[PDB]
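Structure first, commentary second.
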Amino acid sequence: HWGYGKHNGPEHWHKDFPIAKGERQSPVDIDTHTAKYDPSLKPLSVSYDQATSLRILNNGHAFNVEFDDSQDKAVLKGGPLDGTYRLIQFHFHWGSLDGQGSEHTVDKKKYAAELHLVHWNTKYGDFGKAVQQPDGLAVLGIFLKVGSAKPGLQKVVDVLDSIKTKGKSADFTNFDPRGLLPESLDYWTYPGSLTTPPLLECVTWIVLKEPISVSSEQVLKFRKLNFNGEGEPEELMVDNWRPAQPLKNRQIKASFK
Ligand SMILES: [Zn+2]
């Protein structure tokens, strides 16, 4: 099965998922000088006040913080988007070392980690139908650098001991994802894909320019998670990132000058 090891990592995924070599794959390098300001983009609207988190799950590739997406409770709209996109989960990608871990890069710079807040277009009814559409998902990507602690991340960090291994979940109610956002909502946007198999080309990416800072202790706790299940040989969950893919026939647009 696919993963992030030498024998099953990103360079192998195309054998089971040929779209891995497709025309709109993610992540990409964001070349800041080539991205063009688009004055027709609108401000992002991130409306998370009524978010209902439910559970946190180690799925063997990352951990997902899952939300109730059966009503418009936590939604993303505006920016490049037409319509309303409902938050279903967030997760991170991170490195074994502070100098790598992000999926997107900025002028080839790798951040220590990257947060993905995943939303689906309500016009398609359910996430499973949305991923079959070219405008099915909107993913808000936020870079993490190591410095000061992010207070709003600590509740996530502290539950990780209870979901160490693949297949473990824990109750995770009343978590406010607003505590993971930077000050500015300036962003880059482009059409792309899921960054894990099945790699479907269904995502409008919105990548924030401003990173958030997390502490060394916080990222060290991410690195104590395991890819394996309980009772199996320990393989630390680190370096769960796909590298940048060819931009091909795409333009990255900036919301800011
Ligand atoms: Zn992701």
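Residue numbers start at 1 in each chain; chains themselves are named A, B, ... in the order of the structure tokens; ligands are numbered from 1 in the order shown.
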
| said: So that I can see what lies close to range 119-135 of chain A, please list as a ChimeraX atom specification the residues with an atom at most 6 Å from it, counting only C-alpha atoms and leaving out residues fewer than 2 positions away in the same chain. | reply: /A:84-88,137-138,202

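Using only C-alpha atoms, the residues found no farther than 6 Å from range 57-64 of chain A, other than those of its own chain fewer than 5 positions away, are residues 90, 91, 163, 166, 167, 168, 169 and 227 of chain A.
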
May I have the residues from that selection written out with C-alpha atoms, as a compact mmCIF listing (two decimals), in the first residue's frame?
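Once everything was written out, this is out21.txt:
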# COMPACT_ATOMS: atom_id res chain seq x y z
CA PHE A 90 -7.90 19.42 8.89
CA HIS A 91 -4.52 17.68 9.05
CA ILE A 163 -3.78 8.29 19.03
CA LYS A 166 -2.72 3.81 12.99
CA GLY A 167 -6.44 3.30 13.45
CA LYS A 168 -6.69 4.96 16.87
CA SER A 169 -9.20 7.76 17.36
CA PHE A 227 2.68 5.23 10.89

| query | Do you know which residues are at most 7 Å from residue 215 in chain A counting only C-alpha atoms, after dropping those on the same chain fewer than 6 positions away, and could you put them as an NGL selection string? | reply | :A and (146-150)

Given the selection you just returned, output its residues as a file containing C-alpha atoms, formatted as a CSV table (one decimal), in the first residue's frame.
chain,number,residue,atom,x,y,z
A,146,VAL,CA,9.4,26.8,14.3
A,147,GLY,CA,9.7,29.7,16.8
A,148,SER,CA,7.2,30.8,19.4
A,149,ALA,CA,4.4,28.4,20.4
A,150,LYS,CA,1.0,28.5,18.8

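Of the listed residues (A:192, A:231, A:101, A:78), A:78 comes nearest to residue 47 in chain A; the distances count only C-alpha atoms.
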
| request: Give me every strand (DSSP E) residue in range 28-154 of chain A, going by DSSP on the backbone, as a ChimeraX atom specification. | output: /A:29-30,36-37,44-47,53-58,63-67,75-78,85-94,105-106,113-121,137-146

Expected file: the selected residues, N, CA and C atoms, as a compact mmCIF listing (two decimals), in the first residue's frame:
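What landed in result24.txt:
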# COMPACT_ATOMS: atom_id res chain seq x y z
N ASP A 29 5.72 24.37 -6.31
CA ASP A 29 6.49 25.51 -5.86
C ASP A 29 5.77 26.79 -6.31
N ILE A 30 5.66 27.72 -5.37
CA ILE A 30 5.08 29.04 -5.61
C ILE A 30 6.24 30.00 -5.86
N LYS A 36 0.88 36.32 -10.32
CA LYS A 36 0.38 37.64 -10.68
C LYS A 36 -0.77 38.07 -9.80
N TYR A 37 -0.69 39.32 -9.35
CA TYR A 37 -1.78 39.91 -8.62
C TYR A 37 -3.02 39.94 -9.50
N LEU A 44 -11.04 36.54 1.09
CA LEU A 44 -11.50 35.27 1.62
C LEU A 44 -12.50 35.55 2.68
N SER A 45 -13.50 34.69 2.78
CA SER A 45 -14.40 34.66 3.91
C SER A 45 -14.25 33.32 4.62
N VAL A 46 -13.65 33.35 5.80
CA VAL A 46 -13.48 32.17 6.63
C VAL A 46 -14.44 32.32 7.80
N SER A 47 -15.48 31.49 7.84
CA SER A 47 -16.54 31.60 8.85
C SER A 47 -16.57 30.34 9.68
N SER A 53 -16.13 20.47 15.97
CA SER A 53 -15.19 19.37 15.87
C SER A 53 -15.78 18.15 16.58
N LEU A 54 -15.41 16.97 16.12
CA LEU A 54 -15.94 15.74 16.69
C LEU A 54 -14.87 14.78 17.22
N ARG A 55 -13.81 14.57 16.45
CA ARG A 55 -12.94 13.43 16.69
C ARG A 55 -11.58 13.71 16.05
N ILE A 56 -10.56 13.03 16.54
CA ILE A 56 -9.22 13.07 15.93
C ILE A 56 -8.83 11.61 15.67
N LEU A 57 -8.29 11.38 14.47
CA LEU A 57 -8.01 10.02 13.98
C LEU A 57 -6.58 9.95 13.43
N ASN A 58 -5.81 8.95 13.86
CA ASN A 58 -4.55 8.60 13.19
C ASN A 58 -4.90 7.60 12.07
N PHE A 63 -2.77 12.69 11.01
CA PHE A 63 -3.96 12.69 11.87
C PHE A 63 -4.96 13.72 11.35
N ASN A 64 -6.23 13.33 11.33
CA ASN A 64 -7.30 14.23 10.91
C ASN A 64 -8.13 14.65 12.11
N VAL A 65 -8.33 15.96 12.23
CA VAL A 65 -9.34 16.53 13.14
C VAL A 65 -10.60 16.71 12.31
N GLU A 66 -11.65 15.97 12.66
CA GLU A 66 -12.86 15.85 11.87
C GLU A 66 -13.96 16.74 12.44
N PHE A 67 -14.79 17.28 11.54
CA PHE A 67 -15.87 18.19 11.89
C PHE A 67 -17.22 17.63 11.44
N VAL A 75 -17.57 27.33 7.21
CA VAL A 75 -17.53 27.42 5.77
C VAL A 75 -16.51 28.44 5.28
N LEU A 76 -16.02 28.15 4.09
CA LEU A 76 -15.11 28.98 3.35
C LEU A 76 -15.82 29.45 2.09
N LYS A 77 -15.73 30.74 1.79
CA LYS A 77 -16.31 31.31 0.59
C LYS A 77 -15.48 32.53 0.18
N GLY A 78 -15.82 33.12 -0.95
CA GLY A 78 -15.09 34.26 -1.47
C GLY A 78 -13.77 33.88 -2.08
N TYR A 85 -18.22 26.32 0.65
CA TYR A 85 -17.45 25.11 0.89
C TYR A 85 -17.40 24.82 2.39
N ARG A 86 -17.80 23.62 2.76
CA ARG A 86 -17.94 23.22 4.17
C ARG A 86 -16.70 22.49 4.67
N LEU A 87 -16.22 22.90 5.85
CA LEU A 87 -15.08 22.23 6.48
C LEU A 87 -15.43 20.81 6.90
N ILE A 88 -14.61 19.85 6.45
CA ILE A 88 -14.77 18.45 6.84
C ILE A 88 -13.67 17.96 7.78
N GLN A 89 -12.42 18.38 7.55
CA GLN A 89 -11.32 17.97 8.41
C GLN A 89 -10.14 18.89 8.18
N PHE A 90 -9.23 18.91 9.14
CA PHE A 90 -7.90 19.42 8.89
C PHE A 90 -6.86 18.38 9.32
N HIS A 91 -5.67 18.53 8.73
CA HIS A 91 -4.52 17.68 9.05
C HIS A 91 -3.26 18.46 8.68
N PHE A 92 -2.12 17.88 9.02
CA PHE A 92 -0.83 18.47 8.74
C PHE A 92 0.07 17.48 7.98
N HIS A 93 1.10 18.06 7.38
CA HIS A 93 2.26 17.35 6.85
C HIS A 93 3.48 17.95 7.52
N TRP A 94 4.45 17.12 7.91
CA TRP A 94 5.60 17.62 8.63
C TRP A 94 6.84 16.77 8.36
N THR A 105 6.07 24.85 -1.56
CA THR A 105 7.27 25.60 -1.27
C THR A 105 7.10 27.03 -1.81
N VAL A 106 7.89 27.95 -1.28
CA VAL A 106 7.78 29.37 -1.68
C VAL A 106 9.18 29.78 -2.14
N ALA A 113 6.34 22.51 8.40
CA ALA A 113 5.09 21.76 8.31
C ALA A 113 4.10 22.60 7.51
N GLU A 114 2.97 21.97 7.19
CA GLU A 114 1.91 22.63 6.45
C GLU A 114 0.58 22.06 6.94
N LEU A 115 -0.35 22.97 7.26
CA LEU A 115 -1.71 22.67 7.67
C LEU A 115 -2.64 22.77 6.48
N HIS A 116 -3.50 21.75 6.32
CA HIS A 116 -4.51 21.70 5.28
C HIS A 116 -5.90 21.65 5.93
N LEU A 117 -6.69 22.71 5.72
CA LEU A 117 -8.09 22.75 6.13
C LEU A 117 -8.92 22.42 4.88
N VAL A 118 -9.58 21.28 4.92
CA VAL A 118 -10.22 20.71 3.73
C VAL A 118 -11.72 20.98 3.74
N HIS A 119 -12.22 21.54 2.64
CA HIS A 119 -13.63 21.93 2.53
C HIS A 119 -14.20 21.39 1.21
N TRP A 120 -15.49 21.02 1.22
CA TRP A 120 -16.13 20.53 0.00
C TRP A 120 -17.31 21.44 -0.41
N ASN A 121 -17.50 21.51 -1.72
CA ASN A 121 -18.48 22.39 -2.34
C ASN A 121 -19.88 21.84 -2.10
N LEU A 137 -13.44 20.66 -4.18
CA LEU A 137 -12.83 20.96 -2.88
C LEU A 137 -12.14 22.31 -2.92
N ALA A 138 -12.05 22.91 -1.73
CA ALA A 138 -11.20 24.07 -1.49
C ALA A 138 -10.35 23.73 -0.29
N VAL A 139 -9.03 23.79 -0.45
CA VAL A 139 -8.12 23.50 0.65
C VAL A 139 -7.35 24.78 0.98
N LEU A 140 -7.48 25.19 2.25
CA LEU A 140 -6.73 26.30 2.79
C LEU A 140 -5.44 25.74 3.37
N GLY A 141 -4.31 26.16 2.79
CA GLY A 141 -3.00 25.71 3.22
C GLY A 141 -2.29 26.82 3.99
N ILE A 142 -1.69 26.43 5.11
CA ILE A 142 -1.03 27.37 6.02
C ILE A 142 0.32 26.78 6.40
N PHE A 143 1.38 27.54 6.17
CA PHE A 143 2.72 27.08 6.52
C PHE A 143 2.98 27.24 8.02
N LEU A 144 3.79 26.32 8.55
CA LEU A 144 4.27 26.37 9.93
C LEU A 144 5.78 26.53 9.94
N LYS A 145 6.26 27.51 10.71
CA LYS A 145 7.68 27.64 11.00
C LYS A 145 7.87 27.44 12.50
N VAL A 146 9.08 27.05 12.89
CA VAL A 146 9.41 26.82 14.29
C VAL A 146 9.94 28.10 14.93

Backbone-only DSSP, alpha helix (DSSP H) members of range 114-226 of chain A, as a compact mmCIF listing (two decimals) with N, CA and C atoms, in the first residue's frame:
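Ended up saving to selection_39.txt:
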# COMPACT_ATOMS: atom_id res chain seq x y z
N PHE A 127 -18.91 14.82 0.36
CA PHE A 127 -17.50 14.84 0.03
C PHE A 127 -17.16 13.85 -1.09
N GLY A 128 -17.71 12.64 -1.02
CA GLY A 128 -17.41 11.63 -2.02
C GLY A 128 -17.80 12.02 -3.44
N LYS A 129 -18.91 12.74 -3.58
CA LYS A 129 -19.30 13.26 -4.88
C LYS A 129 -18.43 14.47 -5.26
N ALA A 130 -18.11 15.31 -4.28
CA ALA A 130 -17.33 16.51 -4.56
C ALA A 130 -15.96 16.18 -5.14
N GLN A 154 -2.11 23.82 21.00
CA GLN A 154 -1.69 22.95 22.09
C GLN A 154 -2.70 21.84 22.40
N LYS A 155 -4.00 22.13 22.29
CA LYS A 155 -5.00 21.09 22.56
C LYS A 155 -4.84 19.90 21.59
N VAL A 156 -4.46 20.18 20.35
CA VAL A 156 -4.17 19.12 19.39
C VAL A 156 -2.94 18.32 19.85
N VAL A 157 -1.86 19.03 20.15
CA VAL A 157 -0.63 18.38 20.57
C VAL A 157 -0.84 17.43 21.74
N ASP A 158 -1.64 17.88 22.70
CA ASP A 158 -1.77 17.10 23.92
C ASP A 158 -2.64 15.86 23.81
N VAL A 159 -3.43 15.72 22.75
CA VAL A 159 -4.21 14.52 22.55
C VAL A 159 -3.44 13.46 21.74
N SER A 216 9.31 24.37 18.96
CA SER A 216 10.04 23.13 18.76
C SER A 216 9.37 21.98 19.52
N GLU A 217 8.88 22.25 20.72
CA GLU A 217 8.25 21.19 21.50
C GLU A 217 6.96 20.70 20.84
N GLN A 218 6.20 21.61 20.24
CA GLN A 218 4.97 21.22 19.56
C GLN A 218 5.26 20.31 18.36
N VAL A 219 6.22 20.68 17.51
CA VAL A 219 6.51 19.84 16.35
C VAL A 219 7.17 18.51 16.79
N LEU A 220 7.96 18.53 17.87
CA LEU A 220 8.54 17.29 18.37
C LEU A 220 7.45 16.28 18.73
N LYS A 221 6.32 16.77 19.24
CA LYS A 221 5.22 15.87 19.57
C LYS A 221 4.55 15.28 18.32
N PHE A 222 4.46 16.05 17.24
CA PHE A 222 3.98 15.47 15.98
C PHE A 222 4.88 14.26 15.60

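Here the question is which of A:52, A:2, A:17, A:191 gets nearest to residue 248 in chain A using only C-alpha atoms, and that residue is A:191.
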
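For the pair CA of residue 96 in chain A and CA of residue 239 in chain A, the interatomic distance is 5.7 Å.
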
Residues near residue 246 in chain A, anyone? I mean within 10 Å using only C-alpha atoms, not counting same-chain ones fewer than 4 positions away, as a PDB file with C-alpha atoms, in the first residue's frame.
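Wrote selection_27.pdb, looks like this:
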ATOM      1  CA  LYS A  21       1.593  12.369 -13.580  1.00  0.00           C
ATOM      2  CA  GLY A  22      -1.461  14.469 -14.508  1.00  0.00           C
ATOM      3  CA  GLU A  23      -1.954  18.022 -15.677  1.00  0.00           C
ATOM      4  CA  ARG A  24      -2.966  19.637 -12.362  1.00  0.00           C
ATOM      5  CA  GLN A  25      -1.105  17.866  -9.575  1.00  0.00           C
ATOM      6  CA  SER A  26      -0.271  19.318  -6.159  1.00  0.00           C
ATOM      7  CA  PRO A  27       1.707  20.550  -4.344  1.00  0.00           C
ATOM      8  CA  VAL A  28       3.718  23.019  -6.434  1.00  0.00           C
ATOM      9  CA  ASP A  29       6.492  25.509  -5.865  1.00  0.00           C
ATOM     10  CA  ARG A 250      -1.182  26.734 -14.729  1.00  0.00           C
TER      11      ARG A 250
END

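Note that the spacing between CA of residue 241 in chain A and CA of residue 161 in chain A amounts to 21.6 Å.
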
| So which residues touch residue 237 in chain A within 7 Å, counting only C-alpha atoms, skipping near sequence neighbours fewer than 6 positions away, as a ChimeraX atom specification? | /A:223-227

Would you export the selected residues with N, CA, C and O atoms as a short mmCIF file (atom, residue, chain, number, x, y, z; two decimals), in the first residue's frame, please?
data_model
loop_
_atom_site.label_atom_id
_atom_site.label_comp_id
_atom_site.auth_asym_id
_atom_site.auth_seq_id
_atom_site.Cartn_x
_atom_site.Cartn_y
_atom_site.Cartn_z
N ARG A 223 6.19 14.42 15.80
CA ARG A 223 7.17 13.43 15.35
C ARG A 223 7.22 12.17 16.22
O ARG A 223 7.96 11.25 15.91
N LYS A 224 6.45 12.15 17.31
CA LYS A 224 6.32 10.95 18.15
C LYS A 224 5.19 10.03 17.70
O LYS A 224 5.09 8.91 18.19
N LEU A 225 4.32 10.51 16.80
CA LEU A 225 3.29 9.66 16.25
C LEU A 225 3.92 8.50 15.46
O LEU A 225 5.11 8.54 15.10
N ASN A 226 3.10 7.49 15.18
CA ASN A 226 3.55 6.31 14.45
C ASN A 226 2.70 6.10 13.18
O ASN A 226 1.48 6.26 13.20
N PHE A 227 3.37 5.70 12.10
CA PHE A 227 2.68 5.23 10.89
C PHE A 227 2.02 3.85 11.11
O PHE A 227 0.99 3.55 10.52
#

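In this comparison, which uses only C-alpha atoms, the residue of A:74, A:20, A:214, A:81 approaching residue 42 in chain A most closely is A:81.
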
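In this comparison, which uses only C-alpha atoms, the residue of A:199, A:206, A:252, A:212 approaching residue 13 in chain A most closely is A:199.
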
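Take the candidates A:243, A:152, A:3, A:18 and check each one against residue 228 in chain A using only C-alpha atoms; the shortest distance goes to A:3.
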
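From CA of residue 14 in chain A back to CA of residue 249 in chain A, the distance works out to 19.8 Å.
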